[PDB]
Amino acid sequence: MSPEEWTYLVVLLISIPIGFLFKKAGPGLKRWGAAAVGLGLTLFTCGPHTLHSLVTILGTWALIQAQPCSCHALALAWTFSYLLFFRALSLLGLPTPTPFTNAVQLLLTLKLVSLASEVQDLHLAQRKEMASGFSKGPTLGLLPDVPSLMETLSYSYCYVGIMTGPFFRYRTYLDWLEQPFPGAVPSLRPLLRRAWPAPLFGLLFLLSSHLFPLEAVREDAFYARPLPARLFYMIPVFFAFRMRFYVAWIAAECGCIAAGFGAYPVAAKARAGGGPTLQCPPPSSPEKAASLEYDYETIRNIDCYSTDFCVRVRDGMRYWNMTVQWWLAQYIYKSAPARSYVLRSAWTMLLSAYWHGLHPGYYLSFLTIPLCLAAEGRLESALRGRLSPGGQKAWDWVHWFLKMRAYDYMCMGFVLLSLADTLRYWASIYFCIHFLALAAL
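Residues numbered from 1 in each chain as written, not as in the entry; some residues may be left out. Heavy atoms only, no water.

**Focus on helix α7 (residues 149–156)**
Residues of α7 that are buried include every one of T152, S154, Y155 and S156, and no others. For α7, the secondary structure elements touched by its buried residues are α2 (27–46), α3 (50–66), α6 (99–132) and α8 (170–177). (Buried < 20%, exposed > 50% of the residue type's maximum accessible area, 1.4 Å probe, protein only. Helix = DSSP H or I, 4+ residues; strand = E, 2+ residues; numbered from the N terminus. Contact = heavy atoms within 4.5 Å.)

And the structure:
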């Protein structure tokens, strides 16, 4: 229980009542108050290192006006290079940043890249508009006009999704500020419907944290235990990892609901992170708005049930970090210069690892993932069509066990974060999953 993550948790907790208070606020007042609160918390928890974020936003805006025709790739390359610059402060002797600053930088990178893509699409839209001579109607998902510098500053430093997230597109911010009759959309009932497992999840996390500490594998004497002891110990590590991320993300989603952010009509058939996909009429009367049913799935970042009890590794990863996953899938997977599915997936994995960090553990884990992914694709597409329904049930059960074991196996490599200890523990288990993965493939 580090002091920094303690401050992280208390910030996540206090994000809720401020959400309640700013729900009732009018559009301009809510906008300015959210920006001020985000900036204040950023200064409180980041110190003098907010200059990196400020420079990043200023550069994004300057590139938007400088090259509106090609702001997408320019902004993406600039932001990735500036991430490289920011993570090499020790290499250049500049003061080291707190992990708070690193997380804030990841979130800002995602947000600004999405904003640049929206500006690119909108500019191409106007260009085609006066090229064709037929002004089309307002299309859902497109920005009304180019944002101003102060508007971008207010959007970026929103207290929602500034420390943990989850990522939201700018269009979502505009729909949140322009949402009519804020008192009509329900907040307390969905907040209770999502916050019921948070205390239990937290207690479960602390249980596995105290019983089986992660630092044991750093100690050499742990390896003297028999291989079965390691096989039983390798489960609670990812149990605690998943449980802690579940607690944090459930708390973040509840805090985001508290402000009514991401609320859309159910008839819009909105997607996780993607916002609405079908246009719906804005409410005309507060009673009509209260009559409609509302969902907060756009901000939904994790599905506990699906990820915990999935069958295939592909779907398990799909339901993991749905927001950022959609962000990657659109801005990188679609724009990947490669054509092969394997190579495009490798590009996405490499960029995700680069986003997470420069430490070799991320690289090793996200490079080992494709092996089991391809092995699974081949084995499933080759054998699932041959088994009986009882054989199908047995395959599904054994597969759930194997998939959770693979998640554990790669979780150790992800969380040790050090090449030497990771390799030592990986050889300590005799590369069990890797050999089976090659056997499966």
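**A closer look at the side chain of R405**
Mapped onto the elements, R405 comes out in helix α18 (residues 389–416). With residues near it in sequence (within four places) discarded, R405 still touches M234 and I235.

**Some remarks on the layout of surface pockets**
Considered as a void within the structure, the second largest pocket measures approximately 1000 Å³ in volume. Taken together, 41 residues form the lining of the second largest pocket, with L140, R171, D175, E178 and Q279 sitting closest to its centre. Elements represented by at least two residues in the lining of the second largest pocket include exactly α6, α8 and β1 (264–265). Among the elements that take part in the lining of the second largest pocket, α6 stands out by supplying 5 residues, more than any other. Taken domain by domain, the lining of the second largest pocket gets at least three of its residues from each of domain 1 (3–177) and domain 2 (188–262 + 297–440). (1 Å grid on protein atoms, 1.4 Å probe; cavity = no way out; pocket = protein on both sides within 12 Å on 5 of 7 lines; lining within 4 Å. Points joined across faces, edges and corners; volume = space filled by probe spheres on them. Domains from an automatic or database assignment.)

**Here we look at the nonpolar core**
With 32 residues, the main nonpolar core has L115, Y173, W176 and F261 as its most contacted residues. Residue assignment for this core shows that the elements contributing at least two residues are α3, α4 (71–87), α6, α8 and α11 (227–258). Here this core takes 6 residues from α6, the largest share from any one element. Apart from the residues within four sequence positions on either side, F261 is in contact with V160, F168, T172, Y173, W176, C256, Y296 and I299. Of all hydrophobic cores here, the second largest spans 28 residues; its members include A216, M349, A353 and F414. (Core = buried A, V, L, I, M, F, W, Y, C linked by side-chain atoms within 4.5 Å.)

**Observations concerning the packing of aromatic side chains**
Per the stated rule, a full pass over the model turns up 32 aromatic pairs. Measuring from centroid to centroid gives 5.3 Å for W327 and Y331, while their planes differ by 55°, and the two rings are tilted. Highlighted residues: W327 and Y331, both in helix α15 (residues 322–333), separated by 4 residues, approximately one helical turn. When its relative accessible area of 5% is taken as the criterion, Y331 is described as buried. (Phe/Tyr/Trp six-rings, centres within 6.5 Å; stacked < 30°, edge-to-face > 60°.)

**Comments concerning the pattern of salt bridges**
A complete count under the given rule lists 10 salt bridges for this structure. Put simply, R194 and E253 hold a salt bridge, and the shortest N to O gap is 2.4 Å. Residue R194 is located in helix α9 (residues 188–195), and its partner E253 is located in helix α11; the two are separated by 59 residues in the primary sequence. Among the salt bridges present, the one from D396 reaches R384, with a minimum N-O distance of 2.9 Å. (Salt bridge = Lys/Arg side-chain N within 4 Å of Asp/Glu carboxyl O.)

**Structural notes on the domain arrangement of the protein chain**
Taken domain by domain, the protein chain comprises domain 1 (3–177) and domain 2 (188–262 + 297–440). With 30 residues of domain 1 at the contact, the number on the domain 2 side is 25 residues. For the pair domain 1 and domain 2, the two sides together bury roughly 2600 Å², of which 76% comes from carbon and sulfur. Where domain 1 packs against domain 2, one counts 0 salt bridges. (Buried area = accessible area lost by both parts, 1.4 Å probe.)

**A short note on a nonpolar patch on the surface**
Among the surface-exposed residues, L51, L54 and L58 lie close enough to one another that they form a single nonpolar patch of about 250 Å² accessible area. Here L54 is to be found in helix α3. On the basis of relative accessible area, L54 is assigned to the partly exposed category, the value being 33%. (Patch = residues over 30% accessible without salt bridge, like charges linked within 9 Å, V, L, I, M, F, W, Y side chains within 5 Å. Areas by Shrake-Rupley, 256 points an atom, 1.4 Å probe, with all protein chains shown as cover.)

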